Amino acid sequence: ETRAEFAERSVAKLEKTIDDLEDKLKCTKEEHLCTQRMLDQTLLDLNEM
Amino acid sequence: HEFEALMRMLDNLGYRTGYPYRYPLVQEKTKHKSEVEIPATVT
Amino acid sequence: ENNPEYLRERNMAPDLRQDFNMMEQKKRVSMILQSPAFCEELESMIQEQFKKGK
Amino acid sequence: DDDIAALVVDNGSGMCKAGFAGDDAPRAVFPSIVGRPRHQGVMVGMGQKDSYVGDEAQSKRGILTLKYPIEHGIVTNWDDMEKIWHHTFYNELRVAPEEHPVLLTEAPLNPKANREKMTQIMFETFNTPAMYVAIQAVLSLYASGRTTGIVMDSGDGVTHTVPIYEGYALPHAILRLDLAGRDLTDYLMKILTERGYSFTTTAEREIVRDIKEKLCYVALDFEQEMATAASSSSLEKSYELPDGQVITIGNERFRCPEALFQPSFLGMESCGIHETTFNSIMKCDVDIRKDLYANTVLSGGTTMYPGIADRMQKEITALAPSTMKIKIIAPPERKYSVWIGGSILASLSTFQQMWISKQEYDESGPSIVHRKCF
Amino acid sequence: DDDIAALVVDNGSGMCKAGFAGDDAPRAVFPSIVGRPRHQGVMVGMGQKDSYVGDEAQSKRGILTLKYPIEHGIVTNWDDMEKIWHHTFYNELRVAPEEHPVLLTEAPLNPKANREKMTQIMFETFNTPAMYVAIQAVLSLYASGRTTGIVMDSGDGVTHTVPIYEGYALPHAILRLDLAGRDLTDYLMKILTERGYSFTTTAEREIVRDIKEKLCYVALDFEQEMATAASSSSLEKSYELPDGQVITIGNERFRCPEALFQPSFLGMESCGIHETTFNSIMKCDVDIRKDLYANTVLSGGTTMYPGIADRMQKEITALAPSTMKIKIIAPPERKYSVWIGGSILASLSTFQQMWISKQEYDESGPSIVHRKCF
Ligand SMILES: Nc1ncnc2c1ncn2[C@@H]1O[C@H](COP(=O)(O)OP(=O)(O)O)[C@@H](O)[C@H]1O
Ligand SMILES: Nc1ncnc2c1ncn2[C@@H]1O[C@H](COP(=O)(O)OP(=O)(O)O)[C@@H](O)[C@H]1O
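Heads up: the protein sequence lines correspond to chains W, 4, 0, L and K, in order. Position 9 of the first sequence, counting from 1, maps to 208 under PDB author numbering, and the rest follow consecutively. Position 40 of the second sequence, counting from 1, maps to 402 under PDB author numbering, and the rest follow consecutively. Position 9 of the third sequence, counting from 1, maps to 38 under PDB author numbering, and the rest follow consecutively. Position 148 of the fourth sequence, counting from 1, maps to 149 under PDB author numbering, and the rest follow consecutively. Position 11 of the fifth sequence, counting from 1, maps to 12 under PDB author numbering, and the rest follow consecutively.
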């Protein structure tokens with residue numbers, strides 16, 4: 200029973216940390232998506248600038 | 363410009379259109395958050 | 030060792046006992062009541078839902 | 002309020018739970034069965050009742066014909082429900098019903114006469130001061146800490162999915178499906194007869210239900226798992242019967258819950274649970290779709306199979322639109338959550354206006370519950 | 002004779018029947034019994050054998066322990082099964098099994114491995130070129146002349162009702178009950194003890210089975226017939242034993258078959274055959290029930306009690322809705338009808354594609370029968 204109690208507390212803390220890291224992943228994807236679309240738009244414009 | 367609107371409208375109806383949108387549709391103002399939430403996802 | 034508190038305990042199925050222990054450790058009802066914002070928010074929800082009712 | 006706590010009584014189709022409001026744990030959880038003797042009793046002085054109710058009935062399974070008062074979420078024996086309520090109030094809790102308020106839970110879509118009959122029974126005989134009726138699926142979201150999201154519930158009676166939007170149950174988008182735990186137990190018998198093990202009486206149905214509870218899991222991929230089970234015997238496990246015999250379940254462990262996802266195994270023409278949830282979200286307006294995909298809560302007795310969470314996430318990802326926020330929020334105590342939500346709802350100070358007084362019922366008959374409780 | 006004709010073999014728990022393909026009548030019908038001597042044998046130089054098989058076993062009943070190799074439709078002693086099949090092929094039909102294909106019939110719901118065993122000892126030992134396995138009750142519908150209807154088959158070992166739509170059976174609606182003629186014989190032997198007559202050995206069980214076949218009938222109304230027997234003594238018949246004694250069974254004539262409709266006499270939980278086929282109909286779709294009521298076909302040895310059709314029709318009409326019409330179909334040769342269906346199935350030119358080749362079995366092992374036979 201005591202071993203199960205440790206494992207429960209560890210589960211709770213670790214899965215909260217998983218949610219934080221996944222939110223950071225989502226932010227990083229939308230940074231990719233903005234930079235990649237605007238680079239593709241620059242390629243489509245074909246402007247010497 | 364037009365083709366994205368057509369894809370978005372088909373997505374609203376329900377066709378699983380794989381066309382990637384260059385800009386987001388809605389602002390999605392942050393909803394009202396409580397601390398006593400069970401942390402989401404199944405990991 | 031004759032009181033009914035002993036009696037139901039050995040008449041417990043084991044898994045129900047262990048679920049009681051786990052949700053005893055978990056204490057969901059206490060957290061929901063102790064949190065101020067969500068408590069008064071759901072108070073407002075039920076209050077003006079009742080107000081819409083009659 | 003302070004002197005007396007409202008009684009929280011959850012009437013599930015398979016199990017019945019009861020406790021005091023404001024408490025973390027229900028005081029008594031017991032099966033909702035009533036058994037009658039089937040053999041002649043010849044011992045004069047040992048004492049035999051006319052019928053056994055609850056855990057006492059399930060202790061003597063061999064000499065009883067077990068009957069369920071609730072069938073497919075619909076009550077089919079009202080005096081039997083009077084017996085189960087009498088057993089709940091007097092034996093399990095040892096408290097009088099006339100001195101405390103009671104709280105009752107119900108299916109989201111039930112006939113009007115059922116609500117009227119529950120109110121009439123609870124006021125006329127038990128003479129309770131105050132009662133209230135709540136939707137079963139709503140209280141799970143209150144226990145979740147949420148006010149907006151989709152709630153999937155699956156008990157022994159019926160499986161239904163509802164959307165909730167700041168405490169509002171949309172009546173049009175509530176979807177029902179007849180894939181309960183009892184049908185899975187019957188299919189477990191139907192697939193167990195292949196190996197050579199025969200169960201036919203209502204006593205062995207509890208054994209088959211215990212086998213289903215203890216030794217089952219949900220396959221992430223069915224086609225790969227059947228080949229894996231055919232290739233090797235590492236998936237086989239042994240169960241030890243009450244009479245001492247040992248059975249080997251083997252292949253069927255991931256074949257019992259698969260009827261939830263593909264109802265064609267049971268002969269039903271309906272769609273799977275994932276398609277039911279997808280169509281339930283599809284029926285709502287566009288504005289709340291984003292916070293329904295981003296917020297899903299699983300509840301009910303059937304939803305504690307190991308591996309159901311990842312399979313549910315994958316199957317709802319396969320139907321969702323692209324780059325969509327998908328997450329499943331399953332609490333570990335997901336089939337005690339309705340009682341927790343009921344106690345939470347009864348604990349509030351602004352909830353005390355919901356109570357129906359005895360004078361109100363006496364003035365307006367049993368039909369006042371629908372006007373007072375919308 | 003010019004061309005090889007298949008052998009149709011119907012093998013139930015009670016008797017074994019064998020004949021040629023396309024024939025009107027089976028060539029051999031004999032009880033499925035293997036007897037072994039029990040008494041000391043001192044007569045040197047005359048005919049003694051270590052085991053007797055077939056009708057010769059029932060001829061010398063007084064010096065044997067009769068032993069049925071098939072129990073409740075499941076083969077439990079395979080050596081006696083091989084002896085029965087050897088006596089069928091060589092002593093009765095007198096044709097070698099290697100020249101001709103064989104067709105076997107089997108119960109709908111059964112242990113899986115039985116089919117494998119029926120494969121392994123048929124290709125390996127008898128060296129048949131091909132075989133096939135078919136469900137017993139489908140052949141009754143084929144022999145009756147109908148492609149759509151529900152059929153009850155209650156043999157000596159097991160009772161089962163299957164509904165078939167457009168000649169193509171429904172697996173989910175198959176209902177199987179372990180109540181047949183042998184349990185009726187045991188019940189008759191138990192209730193004949195109350196009058197004073199005692200029957201305890203195997204030959205006495207055969208005599209009691211003969212008594213049941215000679216003098217039994219099903220009452221149209223149980224209460225009225227019981228009161229009629231309470232009034233007068235016109236319901237008494239005298240049967241003469243092989244010893245020379247005369248017994249008067251009287252009241253027990255309609256009590257032995259009544260266990261078919263009220264299985265609470267034996268203590269079994271399951272209820273009678275009429276509500277069993279009613280539940281089998283109700284498990285099907287609503288649209289097809291109209292054809293299922295009008296095409297009910299009875300088959301099997303147990304369904305030859307006088308007055309079974311009227312009682313069955315009355316009970317199933319009491320259960321059915323009033324707007325629906327009920328038609329029972331009772332062939333005068335129902336006892337052999339399954340075999341007749343087999344003779345239909347071995348004559349079709351498309352059925353030549355159905356045969357499991359010996360080369361295919363050698364390639365795929367004994368598990369070819371699940372994928373080849375439906
Ligand atoms: N630990 C468990 N593992 C697997 N299945 C379970 C478990 N506990 C309960 N169940 C299933 O849940 C069903 C009980 O559901 P329940 O929560 O009583 O429904 P309701 O919501 O009507 O109360 C049982 O039939 C059982 O098969
Ligand atoms: N004319 C009859 N009247 C009453 N019972 C019969 C009659 N003929 C056969 N039976 C019962 O049916 C049994 C034979 O069933 P049968 O159809 O031969 O089984 P199967 O063919 O499936 O092996 C016998 O044991 C007997 O008890």
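Beta carbons: idealized from backbone N, C-alpha and C, even for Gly.
Please determine whether the Cβ atom of residue i lies at a distance below 7 Å from any heavy atom of ligand 2.
i	result
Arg39 (chain 0)	no
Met313 (chain L)	no
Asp11 (chain K)	yes
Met190 (chain K)	no
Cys217 (chain K)	yes
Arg210 (chain K)	yes
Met305 (chain K)	yes
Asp157 (chain K)	yes
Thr186 (chain K)	yes
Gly302 (chain K)	yes
Please confirm whether any heavy atom of ligand 1 lies closer than 7 Å to the CB of residue i.
i	result
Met16 (chain K)	no
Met82 (chain L)	no
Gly308 (chain K)	no
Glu205 (chain L)	no
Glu214 (chain L)	yes
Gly342 (chain K)	no
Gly55 (chain L)	no
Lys83 (chain 0)	no
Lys55 (chain 0)	no
On the premise that residue j lies in contact with residue i, defined as a C-beta separation below 8 Å, what is that separation, rounded to the nearest angstrom?
i	j	result
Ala135 (chain K)	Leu267 (chain K)	Incorrect: roughly 31 Å between the Cβ atoms, too far for contact.
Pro102 (chain K)	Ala7 (chain K)	4 Å
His88 (chain K)	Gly158 (chain K)	The pair is not a contact, with the Cβ atoms about 20 Å apart (cut-off 8 Å).
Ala295 (chain K)	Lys326 (chain K)	6 Å
Of all the CB atoms in chain W, is at least one closer than 8 Å to the CB of residue i?
i	result
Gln63 (chain 0)	no
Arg370 (chain 4)	no
Within 8 Å (strictly less), CB to CB, does residue i reach chain 4?
i	result
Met52 (chain 0)	no
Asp311 (chain L)	yes
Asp292 (chain L)	yes
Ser232 (chain L)	no
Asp218 (chain W)	yes
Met60 (chain 0)	yes
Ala66 (chain 0)	yes
With 8 Å as the threshold, decide whether the Cβ of residue i is near any Cβ in chain K.
i	result
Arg196 (chain L)	yes
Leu267 (chain L)	yes
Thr277 (chain L)	no
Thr201 (chain L)	yes
Please confirm whether residue i has its beta-carbon closer than 8 Å to some beta-carbon of chain L.
i	result
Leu36 (chain 0)	no
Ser155 (chain K)	no
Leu110 (chain K)	yes
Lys113 (chain K)	yes
When you compare the CB of residue i with every CB in chain 0, is at least one pair closer than 8 Å?
i	result
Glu390 (chain 4)	no
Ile341 (chain L)	yes
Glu221 (chain W)	no
Original post:
Can at least three beta-carbon pairs, one atom from the segment 210 to 219 of chain L and one from the segment 306 to 313 of chain L, be found at a separation below 8 Å?
Top reply: yes
Subject >> Secondary structure, beta strand (DSSP E): runs of 3+ residues fully inside the segment 234 to 307 of chain L >> reply: 239 to 241, 247 to 249 and 297 to 301
Original post:
Touch check for the segment 15 to 27 of chain L and the segment 335 to 349 of chain L: three-plus C-beta pairs under 8 Å?
Top reply: yes
Subject >> Segment contact flag, the segment 174 to 188 of chain K with the segment 249 to 261 of chain K, C-beta cutoff 8 Å, min 3 pairs >> reply: yes
Original post:
Is the segment 273 to 289 of chain L close to the segment 308 to 328 of chain L, with three or more CB pairs under 8 Å?
Top reply: yes
Subject >> Any alpha helix (DSSP H) of 4 or more consecutive residues that is wholly inside the segment 310 to 359 of chain L >> reply: Within the segment 310 to 359 of chain L, the complete alpha helix (DSSP H) runs of at least 4 residues are 338 to 348.
Subject >> the segment 64 to 71 of chain 0 touching the segment 48 to 56 of chain L, judged by at least three CB pairs closer than 8 Å >> reply: no
Original post:
Does the segment 196 to 214 of chain K touch the segment 234 to 252 of chain K, meaning 3 or more C-beta pairs lie closer than 8 Å?
Top reply: yes
**OP:** Take every Cβ of the segment 71 to 86 of chain L, pair it with every Cβ of the segment 322 to 340 of chain L, and state whether three or more of those distances are shorter than 8 Å.
**Re:** no
Original post:
Does the segment 122 to 141 of chain L come close enough to the segment 41 to 54 of chain 0 that 3 or more CB-CB pairs lie under 8 Å?
Top reply: Too few Cβ pairs lie closer than 8 Å, so no.
Subject >> Whole runs of the alpha helix (DSSP H) within the segment 178 to 231 of chain K, excluding any shorter than 4 residues >> reply: 182 to 192 and 203 to 215
Subject >> Sufficient close CB pairs (3 or more, under 8 Å) joining the segment 161 to 181 of chain L to the segment 224 to 241 of chain L >> reply: Because the criterion of three Cβ pairs below 8 Å is not met, the segment 161 to 181 of chain L and the segment 224 to 241 of chain L do not touch.
Original post:
Of all the beta strand (DSSP E) runs that stay within the bounds of the segment 57 to 144 of chain K, which reach a length of 3 or more residues?
Top reply: 65 to 68, 103 to 107 and 131 to 136
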